[PDB]
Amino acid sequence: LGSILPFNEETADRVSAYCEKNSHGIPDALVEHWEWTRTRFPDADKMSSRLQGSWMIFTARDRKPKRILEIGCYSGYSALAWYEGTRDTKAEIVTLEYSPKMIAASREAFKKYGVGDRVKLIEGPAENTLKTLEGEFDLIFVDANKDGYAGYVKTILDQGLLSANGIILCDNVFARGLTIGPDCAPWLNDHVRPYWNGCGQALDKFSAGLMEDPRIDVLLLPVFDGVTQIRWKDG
């Protein structure tokens, strides 16, 4: 017996709606931004869900990080969630993105919502820009190109960008299930199958690699699209 409840599509969606209804809601402005994003961009399925937004805000309010690093900004949704979750502490948020279209999208949203005082967006290939950062981050959200995750984590660990009591959260580790195998998401539309299959293989390599690193404790949690939590091994 396993640790994951089996649901069909309709029922998964019902249970997700139930979780939303019975969890703290995200702000109206964030809902608005989520819908705006889905209206403007054909690849908006890359953006985190509403429930995931609730999770980001809860996690930031709970952990109270002093500085947050995000890799993969897209339209700025998850950055706005980190911002909401850190209103009390006024945490610095750094987010990395390489697409001009999405840079423009994000700066537009940040101006509209009034979050530029704490959110810093750095434009460029994250594999390069990540290395240029200094100091440390208490919470790091890795959510960019899947085939880059290993490199990102390597940089983060090698340069000490993760604070002693910090956590790394890696998103979409399951690649809709295809990380486990090409046969693990029959419901997925064939049109996006190549992409996600590509991500799956990469994310499998990544996952296996984490288990070979004596510096860290690793937990792959079967929630959302798969979330890997990484921390420094004690002490």
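Quick note: we count residues from 1 along the sequence shown, nothing fancier.
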Would 223 to 231 or 209 to 217 have the larger average of its C-alpha temperature factors, as given in the entry? 209 to 217
Mean CA B-factor: is it higher for 184 to 192 or for 31 to 39? 184 to 192
Residue, from 152, 113, 141, 77, that the PDB entry assigns the highest Cα B-factor: 113
Top Cα B-factor in this entry, restricted to 57, 170, 202, 69, sits on 202
Check where residue 148 lands among this chain's C-alpha B-factors and tell me if it's the lowest, middle or highest third. lowest
Entry-reported C-alpha B-factor of residue 122 relative to its chain, by third, is middle
Assigned third (lowest, middle, highest) for the C-alpha B factor of residue 51: lowest
Among the modelled residues of its chain, the C-alpha B-factor of residue 64 falls in the third labelled highest
Please say which third, lowest, middle or highest, residue 93 falls into when its CA temperature factor is compared across its chain. middle
